[PDB]
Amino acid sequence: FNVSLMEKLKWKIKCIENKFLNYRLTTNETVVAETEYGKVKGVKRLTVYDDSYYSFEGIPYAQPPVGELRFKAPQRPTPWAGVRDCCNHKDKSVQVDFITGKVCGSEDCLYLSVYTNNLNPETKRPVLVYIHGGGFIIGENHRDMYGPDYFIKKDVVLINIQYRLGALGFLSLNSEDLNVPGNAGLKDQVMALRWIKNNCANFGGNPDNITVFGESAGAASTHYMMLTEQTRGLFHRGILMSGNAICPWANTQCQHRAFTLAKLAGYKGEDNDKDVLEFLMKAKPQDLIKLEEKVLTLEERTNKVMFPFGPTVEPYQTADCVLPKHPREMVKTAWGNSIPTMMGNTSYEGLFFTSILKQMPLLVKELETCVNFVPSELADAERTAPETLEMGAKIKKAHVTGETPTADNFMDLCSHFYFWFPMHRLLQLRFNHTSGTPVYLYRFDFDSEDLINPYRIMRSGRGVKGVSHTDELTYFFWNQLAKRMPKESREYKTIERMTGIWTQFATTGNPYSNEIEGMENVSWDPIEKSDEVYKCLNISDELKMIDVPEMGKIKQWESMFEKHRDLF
């Protein structure tokens, strides 16, 4: 699973190019802004499209979670006299670099970045807050991956946050005396959102008009931020891009896995929460993150647990508790059910798993009965119960198109298991607990290899057709693999469309505007509870409202809950 020497060298070359471009697009125009915690100094930067924006990076929203603060809820940062230099980014959270294979980052990572094309707008502006994905184990707010260069064409304030990843963000212990209930990384997000609420006006933002959005684990995070009581009314729109909290990969009960991690790292002693914590508290952070890949058992991997540490139901209550119940239970009471909401997925999500399939062809044989993809809550432990075989058959008829299952059948199935089916479950649960504010659906169906992002390397997608999970990021954010596209190019037009639609929705709670090219004939209605078939804006070279192509398969997955409706 090591990225090729060829791509490692391409990547090293691109990292160097990025350093020089970043320098070249820096200006001498520094500015100072006020915050609750003291003055911050930022700087204007340029874009390759000859735009410019004010950039503040490395604004702390919490105390560095180091030493005794490791694995704990974030605390408010210490204020400062004088001016804090925010003209440079800070480290990303400790994580494995997927190109190099080496551990990178720092425990000192609780920062956010703020961007706008005008620090003194004549009216206060929509504030968009992006939470990055990466399975809660990788990711950053560095502009080599999430550059604001496209968004700042619009009159908005854009904020990109970091939050703790991996075991450092998501360790969880049952022992109440130890104050490690879990979800430290989601609590990081909460404290970032509180900072934004109370400070965005200083950068020209409207604190009464905040939109939180994210993709993949960032979408699950956004959803968590819409579910938890901790954030009630902190913001006003939400966009879930290819994920939510009901996704099987987006939460896990990981309380037993701390001991395993400790033991991988050399711990000698018994499985006792306090002894385990003390060992983990002294370990080098890079040693723990490097070994995180080894934590899951054969059984857990088989049963489709994707990450050893992630969002979890906390075993006891604390003042900072974010997830006191399972996400489905949390939907039934969520304040965020009553704010304008947009959700979507790409047209071939499962293509994302091309790399894993290449290395483990045997996975395709799982579709012979499909029992491993039956939702874990329904399946028996060995996945041999006659009921489990029955449910797996429903899945098999949904995705296997011939006598022998194919790799494409596998990836199609993945689209539904990991993304479309959780979306369906969320929409149906939400309809029974909402003021009635609208939810809009999109389907991202624009395929190009003329402009890409780094995930395409991770998924072995060079020369591969189809719109994978993460392919839409390319049209939202600058990354170091990008380039200036001709303004009449289909790629450039898609950048304008995506940032336009998101800015339009952020502003009004309605993603339609006849000011967007190609939307002239679009009648984009939100989903109603009585709808048997979901309507979505399909985003390709043309913008077209269609019934969701995935609907039939979605209903087939739902039928597995025929005799278990209370679990749907």
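Numbering starts at 1 and follows the sequence shown.
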| query | finding |
| --- | --- |
| Of 426-434 and 161-169, the one with larger mean CA B-factor | 426-434 |
| Residue stretch of maximal mean CA temperature factor, 513-521 vs 56-64 | 513-521 |
| Residue selected from 407, 131, 200, 138 by maximal Cα B factor | 407 |
| Top residue by Cα temperature factor, when 292, 188, 144, 108 are compared in the entry | 292 |
| Chain thirds of CA B-factor: placement of residue 223 | lowest |
| Residue 310 by Cα B-factor - lowest, middle or highest third of the modelled chain | lowest |
| Within-chain third of residue 16 by Cα B-factor, per the entry | highest |
| Within-chain third of residue 482 by Cα B-factor, per the entry | middle |
| Entry-reported Cα temperature factor of residue 538, expressed as the chain third it lands in | lowest |
